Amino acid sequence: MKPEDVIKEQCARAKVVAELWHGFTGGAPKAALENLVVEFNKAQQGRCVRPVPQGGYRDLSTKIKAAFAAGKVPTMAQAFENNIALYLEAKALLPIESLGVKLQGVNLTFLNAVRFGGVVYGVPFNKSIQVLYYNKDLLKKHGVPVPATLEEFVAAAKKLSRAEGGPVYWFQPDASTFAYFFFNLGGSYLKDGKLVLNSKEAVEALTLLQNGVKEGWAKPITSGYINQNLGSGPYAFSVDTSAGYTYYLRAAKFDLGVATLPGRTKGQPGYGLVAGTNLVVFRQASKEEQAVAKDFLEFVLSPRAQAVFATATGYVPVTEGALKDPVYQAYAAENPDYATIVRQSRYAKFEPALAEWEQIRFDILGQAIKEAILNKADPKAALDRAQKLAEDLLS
């Protein structure tokens, strides 16, 4: 009996069902969301949440776009910050605090990210940070310390690739990976409020990756997630979402390590890109459905719900009181990786929250990165094309 089976039956019996549209395709994130829901549904006399898998996150936002066209939104959905911006154009979203959800104790950063014109429109739910995954066996074999600096990391990847006869730094030629290099080379996406894709730090970041491929230390991963490609060739390092944790753990036929990101200097870890999603509540929802969402959101922000969800997945607990929860404490005591994810979460950058940012990051920025990495397009020429297509789109 799967938790989605148990939820179907809970909702079948319920007098009020609040649909939650999500983009977990499976693994620990889908399971942890459904187990959270099963528990919530059991505490409710005939009031239920129905999680509805919509595919991945981009399938989800396309489904929500169609639901606006059709004029039938769910009660709740996962949303990135740029998706929340796009939804506020449609005036589609309920202010969270007006629902009566108490947000004191939520990570102020995570709260900053969902705050539009001073009003909170989302609940931070499954917020991830990039971390450095590494092959502890391979570093130990060659006496290679975990790199604390970008310079050390490049050196370590060169040294290991030469030793193992293959590129040991594995990356997705995508916007998320580029963000790690761009941010830690001093890059910023907004220059006096203008979106800039082709800044000298963007060229530098894309040039570092393209050179890492040419020099034999970086391996572009073009089919599946990094964690789906493990076992094919020597692997030392990736920079990847904390949500990948359980997937790396299950796949890896080596002792997986997690470290904070290499930074400019030893004074501080690199910044990681914040990913994952916020829950939003749609205005179109009935008052009955809204009240279910209010109680579901208070439940999701409870220390225990956060502790269980975060330790199950490798998401970052969004509340102060989650770290004070004994279930969290007992996992952290046994597994140094949860502290390592939380500590990395102090060094956290966000992509722009422009309504068009989802199209830009995949169709424009993502494509330029692929052109440079996969087709050896000149990094500046690739990014200057991206900057023009973005400017066109935003005009």
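The numbering used is simple: start at 1 and walk along the sequence shown.
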item	value
Of 346-354 and 35-43, the one with larger mean CA B-factor	35-43
65-73 set against 51-59, stretch whose average Cα temperature factor tops the other in the entry	65-73
From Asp240, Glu201, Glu81, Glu320, residue of greatest CA B-factor	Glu320
Identity of residue with top Cα B-factor, from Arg304, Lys219, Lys127, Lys191	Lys191
CA B-factor ranking of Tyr225, expressed as a third of its chain	lowest
Within-chain third of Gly187 by Cα B-factor, per the entry	middle
Ranked C-alpha temperature factor of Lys380 among modelled chain residues, by third	middle
Chain thirds of CA B-factor: placement of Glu289	highest
For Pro147, the third of its chain into which the C-alpha B factor falls	middle
